[PDB]
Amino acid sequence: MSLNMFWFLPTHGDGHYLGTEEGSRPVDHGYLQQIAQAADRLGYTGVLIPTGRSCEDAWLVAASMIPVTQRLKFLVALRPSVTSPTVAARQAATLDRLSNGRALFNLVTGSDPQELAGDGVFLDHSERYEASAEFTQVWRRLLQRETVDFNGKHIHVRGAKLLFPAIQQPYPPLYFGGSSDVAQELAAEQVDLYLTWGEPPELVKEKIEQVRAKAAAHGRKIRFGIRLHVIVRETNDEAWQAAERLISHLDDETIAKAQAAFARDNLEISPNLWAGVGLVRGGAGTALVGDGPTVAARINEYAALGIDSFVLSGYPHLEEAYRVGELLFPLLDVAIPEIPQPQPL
């Protein structure tokens, strides 16, 4: 069990400070390329490329990194009702073929009705998950070379088929997350890896056992991954110091309110698990803060729960990819990806 270390492409903006354009860094192809090549050479298994109206399209970003990376994988978001499962399967096959089998998919059920309404989607909190199950069903079948005639509540295709096969078999891996029971069931029945948030190890445990169980109910077993922000430094004080530094430009009310929300600094919801990174939405909710060993221990503790993937992030993303790769990778049993050999002609 070697850990698959993932990084993140900040397609909605990057910088040294949370909640401010101060110290921010413009994100263009050039900068995105720097991060991707950094992850590619440092041994990261892949990078998560976010979705949302607030990000540049993840699929195109991923594709524009193909000729400039050789072994890094791209975990791009799949958005159900927003697009036709047939078209998404076709794009999936193309991303996989052009990158020579380095595509990964992460289904994301929309949760912002206003965003969804902007795309032409109008489904209640339930229908959104119903359409997601139907979409995922069709998608997966298409990637398995099947011709699909499907007429469900939300999805309706007739004689849908992909004329080009993907490289990876049966099909490119599919990740999905969510704590709602409905989300856990969708994963437990169709995805390959259930991606959970970074909660204290005990709560993480509970959730895995729940999905592991739901998974079993279908005669299936899935993998697990955790999303964590990382602020690793040489010592624990520099680490915590870097944490305070990160949110130093946040609104005084925000900071004040957070302390009130955490009534039992108040941000450390567990030893070296700081919720200060979640005071602004757009990234991870928690962050492992500490020195190499402490961070590597918290990580190993999660791995011991059955988690083989760790989608990490840091500010700024170019510099911190190096920080983590140099202070953390050496203390862990990191799985090192290989450059796929050219497909025969």
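Throughout, we count residues from 1 along the sequence that is shown.
(message) I want to verify a possible break: how many residues of the deposited sequence sit between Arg264 and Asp265 without any coordinates (none, 1 to 3, 4 to 9, 10 or more)?
(response) Unmodelled stretch: 10 or more residues.
(request) Report the stretch with the higher mean CA temperature factor, choosing between 278-286 and 305-313 on the basis of the entry. (result) Averaged over C-alpha atoms, the B-factors run higher in 278-286.
(request) Averaging the C-alpha B factors as listed in the entry, name the stretch that ends up higher: 71-79 or 216-224. (result) According to the entry, 216-224 carries the higher average C-alpha B-factor.
(request) Could you say which of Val148, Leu104, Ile208, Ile231 has its CA atom at the highest B factor, as listed in the PDB entry? (result) Answer, based on the entry's C-alpha B-factors: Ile208.
(message) Just the C-alpha B-factor column, please: which of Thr136, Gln91, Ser99, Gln259 has the biggest number?
(response) Checking the PDB record, the top C-alpha B-factor among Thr136, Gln91, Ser99, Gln259 is at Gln259.
(message) Quick check on the deposited entry: does the C-alpha B-factor of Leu3 sit in the lowest, middle or highest third of its chain?
(response) Ranked within chain, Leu3 CA B lands in the middle tercile.
(message) Split into thirds by Cα B-factor across the chain's modelled residues, where does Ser84 land: lowest, middle or highest?
(response) Its C-alpha B-factor, which the entry lists for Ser84, ranks in the middle third among residues of this chain.
(message) Looking at the temperature factor on the CA atom of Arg53, which third of the chain's modelled residues does it land in?
(response) Answer is highest: the recorded C-alpha B-factor places it there.
(message) Ranking every modelled residue in this chain by its Cα temperature factor as given in the entry, which third contains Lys153?
(response) It falls in the top third of the chain.
(request) Classify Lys161 as lowest, middle or highest third according to the C-alpha B-factor given in the PDB entry, relative to its own chain. (result) According to the entry, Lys161 has a C-alpha B-factor in the chain's middle third.
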